[PDB]
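Next up: a single chain in structure tokens, the form deposited in one PDB entry.
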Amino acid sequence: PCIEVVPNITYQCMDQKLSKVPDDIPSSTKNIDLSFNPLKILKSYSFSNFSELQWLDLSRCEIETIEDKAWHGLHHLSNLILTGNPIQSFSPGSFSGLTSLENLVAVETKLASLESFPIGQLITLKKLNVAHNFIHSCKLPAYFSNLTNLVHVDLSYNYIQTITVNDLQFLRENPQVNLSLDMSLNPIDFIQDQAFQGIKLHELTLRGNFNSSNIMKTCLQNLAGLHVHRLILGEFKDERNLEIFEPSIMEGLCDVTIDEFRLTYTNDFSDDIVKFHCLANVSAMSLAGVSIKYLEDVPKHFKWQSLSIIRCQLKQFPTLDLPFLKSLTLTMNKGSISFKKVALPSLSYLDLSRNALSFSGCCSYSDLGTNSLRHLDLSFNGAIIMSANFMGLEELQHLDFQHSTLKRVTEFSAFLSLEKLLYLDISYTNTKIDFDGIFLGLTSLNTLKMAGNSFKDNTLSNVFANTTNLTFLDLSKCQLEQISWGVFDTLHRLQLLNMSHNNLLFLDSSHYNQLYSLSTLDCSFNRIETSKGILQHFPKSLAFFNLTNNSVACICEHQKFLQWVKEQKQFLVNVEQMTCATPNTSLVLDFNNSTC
């Protein structure tokens, strides 16, 4: 028939050439996809048996007519998707029956107007999407006042050319309504004078709207008197773009009040379009996919609380001294910038990942000029040379270096100051652990991710003595061959311990006797022959002991271990699948008779 993902709950019926609904699917199903089937016409009582549906997908289903009361037993449905159906005209009470509907997706349905759109019935409606249609007007229909729960309306990819005073009349008589408007991909050249006066919006998206700089500047002026929380601006690569892009095209904006401002891709860009005076009173500033090359002479009187730089093109690390900036993201930069010392006395969050960043002299107060930093992400970067053990940054809770090249970290107690750190990731940093005091000072740490590294003489050393609060320890892929006596004796709170993908030839249970909280022990993909020690030293809290893909020696020499496997088969994972590798199938099937 179809495909069954979750029994009695979720089914996939795509590209199955169905005429109508397969009406033998459980009468208690939650979610169903029927997209890409030539349904053609949607008869009445066709959906009737499924009283507990929530998600219906009828995308590109050749549908031209919705019969009156096509939805009969759907007073529980919340998501309805009708993308790419030549319905065109929606009759009175087309959606009669959906009283619990939250999201209505009417993209590419040949829909001409929101006036004729028979939705003034659906009280519970939150989101409405009418992108890719034949909508000419921008009028917010009067019935929207019955739509008490509506917050997002998508008007992308349409034919709206004017935003007039009359269009936004609904909003003007209703300043209490939290509403967002995606207005992207409309060819707008005229916005009426005083059209945006005394209106409030949550987020306004104006991407790829304007054909020339003159039209853009003119229109933004006539946005006067708008309060928006979030204004998304810019254009697309796969669209014909504004040739000349000066900062003065932004001029209209400082007659509107903006909380957060998001500029996206622009064909032309001037580095000093970000240090523009109309953006001074903004609390969050964002750049994404932007040709910015330098970010430097930003005025000190700017109110920016967060600054986000994603997939831009900086040739240099920015000079910044904004005294009120709490949060900074500079990530996925196109080139390979090196860190330049910065002064941000309010910073508590700093993501500088995925930049191939050089950082020589990491890290201490003088690098940042903050006392408040809790989150430091320097993952997926170049060479980071440790020379200072975070003096001045003891507020840190989250430190992430995964996949960066950490240098000199074994040279000294590089993390000594981080008394309050909860999370440390030094996985795939190529650190050869060489020093027993590497983790000294990490007394609060819960999570220690250090996969991919290695240890002197391939022996796991007493590096954990004082990391008492560890609940999670990943030591996978560290080429481990031997574990030192006492290494875990202090880890009383530890729950998961990953040592998969090493070269251990055996386990010794005594290594784990103090591990009273250990629910997960992953020892798979080693070369484990047996377990020495008193087998009763394995934690009674153990729920998932993974010993798959090892190489067990089914000799009488190890008769007790082999029994113990039968004994504990409830707690070992993929037990029956395990197979011997000595004298070649299987394992739970070892006997007990060759001298033993």
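Note that residue numbering follows the sequence shown and begins at 1. The term rigid core refers to the maximal set of C-alpha atoms that superpose within 1.5 Å between the two forms.
- The gap between residue 583 and residue 584 holds 1 to 3 unmodelled residues of the deposited sequence.
- Of the two stretches examined, 118-126 and 364-372, the record assigns the greater average C-alpha temperature factor to 118-126.
- Judged by mean Cα B factor in the deposited record, 228-236 ranks above the other of 521-529 and 228-236.
- In this entry, the residue among 563, 541, 546, 28 with the greatest C-alpha B factor is 28.
- Of the candidates 384, 515, 478, 242, the one whose C-alpha carries the top B factor in the deposited record is 242.
- The PDB entry assigns residue 73 a C-alpha temperature factor belonging to the highest third of its chain's modelled residues.
- Residue 170: CA B factor in the highest third of modelled residues in this chain (values from the PDB entry).
- Per the PDB record, residue ranking by Cα B-factor puts residue 289 in the lowest third of the chain.
- Residue 330: CA B factor in the lowest third of modelled residues in this chain (values from the PDB entry).
- The deposited CA B-factor of residue 206 belongs to the middle third of values across its chain.
There is also a form deposited in another entry; it is not shown, and the following applies to it.
- Residue 69 shows a C-alpha shift below 2 Å between the shown form and the other one [criterion: core-superposed Cα displacement of 2 Å].
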